Each structure stands twice: as C-alpha cells, then as structure tokens.
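Scroll down for the structure; my scribbles are underneath it.
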Amino acid sequence: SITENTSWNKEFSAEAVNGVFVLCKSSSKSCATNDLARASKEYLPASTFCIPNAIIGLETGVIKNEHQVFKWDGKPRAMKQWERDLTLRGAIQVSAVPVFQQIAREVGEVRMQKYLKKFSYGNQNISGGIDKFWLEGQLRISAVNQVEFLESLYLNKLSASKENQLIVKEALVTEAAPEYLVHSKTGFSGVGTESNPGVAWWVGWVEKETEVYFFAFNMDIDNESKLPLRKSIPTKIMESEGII
Amino acid sequence: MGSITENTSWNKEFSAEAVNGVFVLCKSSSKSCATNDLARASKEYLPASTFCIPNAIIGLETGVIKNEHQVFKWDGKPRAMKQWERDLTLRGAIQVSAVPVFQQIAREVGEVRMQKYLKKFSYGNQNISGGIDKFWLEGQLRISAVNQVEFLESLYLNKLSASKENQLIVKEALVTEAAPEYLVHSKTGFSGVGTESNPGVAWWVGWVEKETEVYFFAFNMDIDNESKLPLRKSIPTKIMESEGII
Ligand SMILES: *C(=O)[C@@H](NC(=O)[C@H](N)c1ccccc1)[C@@H]1N[C@@H](C(=O)O)C(C)(C)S1
Ligand SMILES: *C(=O)[C@@H](NC(=O)[C@H](N)c1ccccc1)[C@@H]1N[C@@H](C(=O)O)C(C)(C)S1
C-alpha cells in the first residue's frame, strides 16, 4: 500500500526537479510518496547496486571477508579517488566502479542471476555484459522495490548469512548521531540528454529511537551540477517530518 | 599490540587544560602504539561505562540479550537520568550509558558466567567483587588504557571468544561518527567526581577506520569537576587531528 502526500511536492517544484521520494515507517506495508506512478517506475540502479553486489560478493566468497583490501594495480581508473587501495566500506563510500566490476566478473552471470532472483531485485535483468549491466544495461528497479530490499537487509532476512548482512550494513553507515543512525547509498547513471535524462538516486534507512524509516529517492538529471539535490530534497523532507 | 613508545609532545593539550591523564594511540598495521605517558598508560582504573562493551557482548553471547533488534522497555518508574526514561535499543542503551539497563543484563548473566567471560577477554584485573550489578561502577574492577586498546583490537578483528555475529552486532552499536574517509567507533565512561584528593576518572576509548588503516585509542584523565568532562573528547580529538587521522 502506497499513499500520496501532496505536501512533499513543494520540494521538487522549488528546484524544478522531476522525481519521486518514497518513505516507510516500521515496514514497507504502508509507504508514503509524492507520486504514485513514479514510485513503482523502474530505473537503472547505478551505484545503488553496490549493495546487492557486495552481499553476493561476500556470499560467494569472492570477497573473502569483512577486512579484505581491494588492491589498486596502479593502472588508470576513471576517478582519482578510486586510484588507491580500498576496504569494502571505502569502495562502497566512493562508489569504486572498477572494484565492483571485478567482483561481478568473479561472481559470473549464473550466480549473479540466481542471487538477484533470490533478492527480488527489480526486473532481475542482468543482460548487457557482466561488468556493466547496472550501469548501462537493462537492469531496472523502482523506489518501492529499493525500500523493500533494504527492509529485508535491515531484518537480516535476505538469503545470505546474518554475518554477511551485518558486514554490509556497517559499510553503509553514512551518519551517526546520538539520537539516530543513517545508512544510505547514492547512485548516478550519467547525464544522458534533455530528451532522455540520466537518473540520480539516494536510498537507505534511518534508525531513530525505537523506530525505523526506509527511504528511496530518484530524479531525472541532465546536468551534474544538479547532483546535490539528490540528497538535499529528501533530507529536507525527512527534516520536516522530524526524522533527522 | 607489539610495541609502545612515549611521545611527551602530546602533553601539550594536557598542560593547556591543566589536566592529568593519558592517551594511547595504536596503528593496527604496524602493531605499534604511542602514548604521552608510559606510566599512566599502564595504571588501572574503574571502567565505568566503558564496560558496556564487554557487558553487551556477554549479554548477547549468553542470550540474555536476544539480538540487536531487542527493545529494552522502560517500566515507567523514575530513573537517575531523564534520558533513561524511554524504551531503548541496544545501541540506544549504549549511546546514553543507560546504567540500569546493563545492571539488569549483569544480574541475568550472573557472577559465574561474568567471571568466565572476563577471563576469556583478559579484561583488566578481572575483579568482579562488590556486587554483580555494580562492580564496574563502584567496585574492585580496574583496567588500563593499554588493556583497553588490546581488548578493542580483539573486538575489531572478531577475535574475542564470542560469535562473530555477536561482535558485529556490538561493533555497529558503537559507531559514533561517520564520514566518507573514516568511521569512528567509541564509548565514554565517567566514574563520578570523587574528590580533589581522590579524583574520579573519565574515559573515551574506541577506534577509527580510515582509508585502509585502523587506529585504536584509549583516553583517561582524573576529574574532580563535571565542567571538565568534555575534555575527555576534545583532547584526544585534537591529538588525532594533529596526526591527520580525523
Ligand atoms: C555509481 O553511481 C557510479 N556512477 C557511474 O558509474 C556513472 N557511470 C558515472 C557517472 C558520473 C561520473 C562517473 C561515472 C559512481 N557514482 C557517482 C556519484 O555517486 O556521484 C560517481 C561519480 C562517484 S561514479
Ligand atoms: C558511565 O560512565 C555512567 N556513569 C556513572 O554511572 C557514574 N557512577 C556517575 C558519575 C557521575 C554522575 C552520575 C553517575 C554513565 N555515564 C555518565 C556520563 O557519561 O556523564 C552518566 C552520569 C551519564 S551515567
């Protein structure tokens, strides 16, 4: 069940952004959103994919453990912040595509397909190349599906060891206050064009007091300068709901 | 750890605030440690609330605490601090130092088991006399800054005699600051103000994961006035900043 909250629209109008935000208290039974249609519309996950990719890496033993260091070979990578040795959290935090690309090759198509089917992860379409299907391929997932997936990870109810789920959850912490903890992950596919814009994501959950909130945001983006709105619009919405 | 080295330069921030105390900082890759004062680094003090860390691990491991999603329900009967009068998750109890919560956990663990696990953890003098529900607050239990960093390293590496899953549960509960380049896990403690002649102690212990390095730390200081309590974070923090760690 998803309900439309009219007042959340103000935040998108301000910035002239087309997107959606989905927010759920306690569980994904009752969610609220600014747009019913766009909530269940599926988009390329881009780097929000790090999350199932990491779980599957651990599960398959491609990632040996919590403390493994992904060594840089010294060959050029597409961003300078990727040009260094990285732990798992480091790689998640800076969206180190090359690291996740090598994890995906090692997992292979067959296991990758099996796990996204196990995880009900979006359209579960991994075609287009094993090291790029989440970046430019045909894989697609909605804000609503993201919240369900993160809810299952929160409850240790994904098909993976509780241990591997805990390791990933800790790698995902992005903000810690006495009153609450935020785990979240960004994604950005690219600019595309004006006639066909890329998509930008922010997804995660907030543990506050004894309560938990799951969120997922995306928006059309045709200019990298618009990128901060992927955090600032949903932060505004949560700040105004007293969640952060 | 494998080695320790005195660096008296760190006495700077202590003198500046008229404070007697110690900071112990170790680099996990090199296994080597530095401190402003070797002597005080080895001296043993009441853990106070830093003891929440083994207490929570022992609670999980004996099954007294069910899991991280366990809620510790407030009965409603007034408690010693307003922030304790609310339901609390494990993290919640750790974060505000909810004494009565850990007292109940200790009571259900019991003396025999508590004794056992402090032996496994090599936790300080392992002395739990004084009542199973206050030995860490007003009893005979003492631990040093050095012992504290060794115990943390073990927790970090999942080497304590407890399940990896239970160690992970507590490790997450301990996160107190997050940033893209580093994660801090830590826990404070404060025994009380004691006296000008017999001061109390305040602690800040923890670890920082930055790039591919991990730094373990333990701070303690004498305290005879609550006005000085924020020093237990501001001094170690200035030192880790000057070392480029946070
Ligand atoms: C995940 O979303 C990654 N994005 C991509 O791989 C895109 N192909 C890309 C877009 C822009 C620049 C480089 C690659 C990472 N996400 C971006 C972000 O979160 O801002 C990134 C720049 C860190 S790469
Ligand atoms: C852990 O350190 C706890 N401290 C105590 O229970 C002391 N016995 C105490 C000292 C002074 C006043 C009241 C109790 C908790 N941590 C303290 C703190 O961090 O300030 C506390 C006072 C919140 S209780």
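Within each chain, counting starts at residue 1; across the structure tokens, chains are named A, B, ... in the order shown, with ligands numbered 1 upward in that order.
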Residues within 6 Å of residue A:187, only C-alpha atoms, excluding chain neighbours under 5 positions, as number ranges by chain: A: 46-48, 200-201
At most 6 Å from ligand 1 (only C-alpha atoms and all ligand atoms): residue list as a PyMOL selection string: chain A and resi 46-47+94-95+97+135+186-190
Chain B residues near chain A (6 Å cut-off, only C-alpha atoms) as a list in words: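 Taking only C-alpha atoms into account, residues 165, 176, 177, 178, 180 and 212 of chain B sit within 6 Å of chain A.
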Close residues, stretch 78-81 of chain B itself excluded, 9 Å, only C-alpha atoms, min 2 positions apart in chain, as JSON, numbers by chain: {"B": [75, 76, 83, 84, 85, 98, 99, 100]}
Spatial neighbours of residue B:42, max dist 10 Å, only C-alpha atoms, sep filter under 5 positions, as number ranges by chain: B: 22, 37, 143-147
Suppose we keep N, CA, C and O atoms; can you now write the selection as a tab-separated table (two decimals), in the first residue's frame?
chain	number	residue	atom	x	y	z
B	22	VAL	N	46.09	10.37	30.33
B	22	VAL	CA	46.87	9.66	29.31
B	22	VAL	C	46.06	9.39	28.06
B	22	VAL	O	44.83	9.26	28.12
B	37	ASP	N	52.37	9.26	28.09
B	37	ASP	CA	52.88	8.89	29.41
B	37	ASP	C	52.82	7.39	29.65
B	37	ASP	O	51.75	6.84	29.97
B	143	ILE	N	40.99	-1.38	34.92
B	143	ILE	CA	41.58	-1.71	33.63
B	143	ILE	C	42.45	-0.56	33.18
B	143	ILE	O	42.14	0.59	33.51
B	144	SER	N	43.50	-0.82	32.40
B	144	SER	CA	44.37	0.24	31.91
B	144	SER	C	44.08	0.65	30.46
B	144	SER	O	43.39	-0.07	29.74
B	145	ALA	N	44.63	1.79	30.03
B	145	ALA	CA	44.47	2.28	28.64
B	145	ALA	C	45.02	1.27	27.62
B	145	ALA	O	44.42	1.04	26.56
B	146	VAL	N	46.15	0.67	27.98
B	146	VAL	CA	46.80	-0.36	27.17
B	146	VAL	C	45.93	-1.60	27.04
B	146	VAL	O	45.71	-2.08	25.93
B	147	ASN	N	45.42	-2.11	28.16
B	147	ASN	CA	44.50	-3.24	28.15
B	147	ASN	C	43.24	-2.95	27.30
B	147	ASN	O	42.78	-3.79	26.51
